[PDB]
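Here we start with a single chain on its own, the form deposited without malonyl-coenzyme A, put down as structure tokens.
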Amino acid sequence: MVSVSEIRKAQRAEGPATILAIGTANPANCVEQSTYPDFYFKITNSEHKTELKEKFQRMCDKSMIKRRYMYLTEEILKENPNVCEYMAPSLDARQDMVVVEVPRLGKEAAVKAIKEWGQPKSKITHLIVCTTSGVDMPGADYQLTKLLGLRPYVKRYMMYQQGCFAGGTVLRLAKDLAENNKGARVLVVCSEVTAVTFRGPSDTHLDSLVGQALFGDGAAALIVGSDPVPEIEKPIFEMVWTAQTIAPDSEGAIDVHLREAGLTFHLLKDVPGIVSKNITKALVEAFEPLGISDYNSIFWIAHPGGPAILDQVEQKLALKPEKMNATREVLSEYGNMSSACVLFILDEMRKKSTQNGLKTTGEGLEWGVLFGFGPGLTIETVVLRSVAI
């Protein structure tokens, strides 16, 4: 009696998933990178490790990060000596910080995105929350539903322990949710806090130490939907095609474990080398079908894992130096905010394009690419189209 084909046709959306709003937020405590070595070696009781401090100073000087925003403060660290040691039982204390801070910072970013969107929050049908800092049941998706006053029947997707490529992951997921469901409006929130990874220095663990020079806190929120209401909603970028892959010869490049001592970061291979060796294949998969071969003719968003990934990709492809400008600006002002970074870069790019009177939100260009890099070695690819003005 009942027609499923009629239901399916009536249930789905028509057009491409579109980013309709972007909002960001960071902890209030601003930490300058120029004075970080001294602050970090003092608060971790490591001032006597002069040679290790010199190695950390070089890591900070090479980071291309001017400052980072941190939930952790001198006061909080003085109350948590176990967090200041390289390896002490401290997950409960860290979890108590991030179970609250992740949704707190996420709400700030989400309220800003909802304000830009300008539509009733009761029209948000799906919620994607992504974090690599802490886990809990009910999760941060339930907390944000409560904190934002979303409908109780919002459809939630709680992405925990994702890693640095997950800015691409949440876009890949939001695309399918928006495109398959007529009327769907997806609130996407990436919120990353370094309280679960902060730890003291160890001269036999230099891989762990590099994380201390790079990771910073931040949240970004998006509204994503298909079939925008003309002259009411305002498209910023459209998603057109996505991919995720595991690079060959990359096993163990980035291994991150959640233990009693918190989240521990282990590095085993040349990440910049692997990314730059495999980025061209990811570009031809994405762009050959569109007839695009000139990689300077598209706008660029790349996860700034570190500056060497950016430099090596730029050199490999012969990208003009300006291609990575928005990416490098976010790295310089905020450091590596894990999954949230690429969403901050989208916001920077569209705001600079607008401010500077370019013709599209993607630096005056039509087509663009967003890349996420992280554990596995995983590469996420999202092909974007800009919007006029």
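The first residue of the shown sequence is 1; numbering continues from there.
When the C-alpha B-factors of 359 to 367 and 29 to 37 are averaged, 29 to 37 comes out higher. Mean C-alpha B-factor is higher over 61 to 69 than over the other stretch, the pair under comparison being 344 to 352 and 61 to 69. Of the candidates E251, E179, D141, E192, the PDB record gives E251 the highest C-alpha temperature factor. As recorded in the entry, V229 carries the highest CA temperature factor of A243, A174, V229, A93. In the PDB entry, a CA B factor belonging to the lowest third of its chain's modelled residues is recorded for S338.
Ranked against the other modelled residues of its chain, the C-alpha B-factor of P201 as given in the entry falls in the middle third. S208: CA B factor lies in the highest third for its chain, per the PDB record. In the PDB entry, a CA B factor belonging to the lowest third of its chain's modelled residues is recorded for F299. Ranked within its chain, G106 lands in the middle third, by CA B factor from the PDB record.
The discussion below concerns the form solved in complex with malonyl-coenzyme A, not included here.
For the residues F215, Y295, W117, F287, the 4.5 Å heavy atom test against malonyl-coenzyme A in the deposited bound form is passed only by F215. A heavy atom within 4.5 Å of malonyl-coenzyme A in the deposited bound form is found for one listed residue only; from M97, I124, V271, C84, this is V271. For the three marked residues, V111, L346 and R350, no heavy atom of any sits within 4.5 Å of malonyl-coenzyme A in the deposited bound form. In the deposited bound form, no heavy atom of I43 sits within 4.5 Å of malonyl-coenzyme A.
Remark: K62 counts among the residues lining malonyl-coenzyme A in the deposited bound form, judged by a heavy atom distance of 4.5 Å or less.
The closest heavy atom approach of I254 to malonyl-coenzyme A in the deposited bound form falls within 4.5 Å. Mapping the unseen interface onto this chain, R58 counts among the residues with a heavy atom inside 4.5 Å of malonyl-coenzyme A in the deposited bound form. The partner is not drawn, yet in the deposited bound form one stretch among 231 to 239, 177 to 185, 244 to 252, 303 to 311 has residues with heavy atoms inside 4.5 Å of malonyl-coenzyme A: 303 to 311.
For the stretch 189 to 207, the set of residues having any non-hydrogen atom within 4.5 angstroms of malonyl-coenzyme A in the deposited bound form comprises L206, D207, in sequence order.
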